[PDB]
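Just so we're aligned, residue 2 is where the sequence shown starts under the UniProt record's numbering, counting upward by one. Ideal Cβ positions, reconstructed from N, Cα and C, are used throughout, including at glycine. Below is one structure, written out as structure tokens, with a few remarks after it.
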Amino acid sequence: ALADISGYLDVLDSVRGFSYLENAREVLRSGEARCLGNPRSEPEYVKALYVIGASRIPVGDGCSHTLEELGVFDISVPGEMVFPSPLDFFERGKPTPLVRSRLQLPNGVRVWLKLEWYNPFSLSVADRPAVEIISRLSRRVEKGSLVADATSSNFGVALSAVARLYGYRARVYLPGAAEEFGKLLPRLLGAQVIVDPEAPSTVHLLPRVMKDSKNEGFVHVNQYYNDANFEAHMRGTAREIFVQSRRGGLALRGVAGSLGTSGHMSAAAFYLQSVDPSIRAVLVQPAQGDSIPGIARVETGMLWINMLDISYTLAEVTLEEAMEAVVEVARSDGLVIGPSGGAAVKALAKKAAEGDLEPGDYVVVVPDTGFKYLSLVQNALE
Ligand SMILES: Cc1ncc(COP(=O)(O)O)c(/C=N/[C@@H](COP(=O)(O)O)C(=O)O)c1O
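This is the structure we're talking about:
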């Protein structure tokens with residue numbers, strides 16, 4: 002028997018750990034899940050179902066229900082694209098677009114582009130963690146409290162818009178080298194914003210955010226460590242690849258992406274590799290000395306890409322190379338991607354070049370619009 006999952010979403014404030022994900026891998030790999038006689042005695046299982054994007058849970062004595070029965074494949078989007086609020090537009094106006102590129106890579110490597118700038122608050126992938134974190138937070142923290150964190154840019158914009166739609170106050174902390182939209186947009190959205198000229202990278206800002214949090218009593222929502230960030234991308238970004246690939250007719254053979262916290266490619270890779278372990282995750286290690294805004298090298302410390310059981314390859318990419326690839330997607334497809342997007346296009350293009358990749362469909366996750374990166378656009382043409 003099928004019942005509604007909303008009711009059982011207290012397991013989000015009770016399950017801790019990753020042992021619950023073993024349940025995910027089996028439900029996904031099997032394509033079904035066993036019915037639960039007592040839904041409250043199985044907090045791990047229930048949580049797993051939510052995290053793969055079920056809307057319902059299977060309840061009863063011995064039965065089982067498919068992914069489609071559970072609602073992994075439910076279409077959310079109103080055909081007409083009419084939404085009674087912005088927050089509901091984020092929720093139900095999904096999946097973000099998967100667009101097949103005219104870009105031609107060798108060895109029959111077919112490039113598809115998941116356009117995460119089609120998120121309403123930050124025009125970036127960072128909306129999805131920011132709604133998931135703040136939504137859970139609304140359960141426990143009182144309204145009018147200040148929530149805060151460090152960001153390269155996207156998440157601080159997403160945090161500020163969403164915090165303020167949930168009644169919470171916002172502080173964002175940015176490194177000096179980040180972009181003007183990040184420093185400016187939160188303020189337009191009513192946050193306080195603090196910029197450290199000395200801080201060369203976002204992870205380096207963390208001690209300052211932690212110190213101030215202890216002194217001031219704001220809630221440091223902490224995207225690097227906060228398990229919702231991984232979980233948002235499991236029920237949203239990753240699940241969508243799973244669904245779209247199937248409904249799209251895609252022979253899905255892999256994913257390509259970029260890493261800051263590692264939330265979204267950890268989630269795409271794990272989800273996808275639960276359904277089918279052969280799927281490569283091609284990931285980008287920005288080259289040494291170069292800065293690509295939004296992302297970093299793994300060995301600067303990342304939670305999920307390390308600890309979860311994820312087969313992934315790295316290709317090195319310079320900024321200059323990430324920018325070359327922006328330029329060529331823009332001449333191929335006429336779509337203008339951000340620097341981190343072109344870094345994952347480039348990184349796939351090399352494994353393709355090398356002959357390390359099977360013939361088939363690859364989905365790249367493009368994290369934001371190039372319209373926010375005019376300087377790096379300009380410099381890449383001169
Ligand atoms: C443009 C762009 N490209 C890639 C990423 C990487 O996504 P993640 O692995 O899910 O954090 C992000 C994620 N952004 C967050 C996290 O950045 P950080 O992890 O501190 O390097 C921010 O803006 O501060 C991004 O904005």
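Along the length of the segment 63-98, whole beta strand (DSSP E) runs at least 3 residues long occupy 65-67, reported in chain order. Counting along the chain, no alpha helix (DSSP H) covers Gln224, and no H or E run does either.
The beta-bridge partner set that DSSP reports for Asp197 consists of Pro176. Residue ranges of uninterrupted alpha helix (DSSP H) with 4 or more members, entirely inside the segment 233-303 and ordered along the chain, are 240-248, 264-276.
As the crow flies, the alpha-carbon of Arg103 is around 30 Å from that of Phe156.
The three-state secondary structure of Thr203, taken from DSSP, is helix. For the options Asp89, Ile58, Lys95, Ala268, the alpha carbon positioned closest to that of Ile76 is the one of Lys95.
Scanning its chain for C-beta atoms nearer than 8 Å, with the 5 sequence neighbours on each side dropped, one finds around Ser214 the residues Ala149, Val220, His221, in chain order. In this structure, the C-beta of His234 approaches ligand 1 to less than 8 Å from one of its heavy atoms.
In the DSSP secondary-structure assignment, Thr314 is bridged to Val283.
Each residue's CA atom was taken as its position, placing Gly339 and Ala229 some 25 Å apart. A straight-line Cα-Cα distance of about 7 Å links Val299 and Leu260. Shortest gap from the CB of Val378 to any heavy atom of ligand 1: 8 Å or more. When the beta-carbon positions are compared, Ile53 and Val16 stay at least 9 Å from each other.
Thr370 is bridged by DSSP to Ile338. In this structure, the straight-line span from the alpha carbon of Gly109 to that of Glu359 is close to 8 Å. Residues of the same chain with a CB within less than 7 Å of the CB of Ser263, apart from the 5 flanking positions on each side, are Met303, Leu304, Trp305, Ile306 in chain order.
Nearest C-alpha to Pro187 among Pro198, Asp197, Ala171: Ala171. The straight-line gap separating the alpha-carbon atoms of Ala55 and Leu114 is approximately 25 Å. Just so you know, the alpha carbons of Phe243 and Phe74 end up roughly 9 Å apart. By DSSP's assignment, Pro59 forms a beta bridge with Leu3. Distance from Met266 to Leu253 at the Cβ level is roughly 15 Å; contact not present, criterion being Cβ atoms closer than 8 Å.
In the three-state reduction of the DSSP assignment, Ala149 falls in the strand class.
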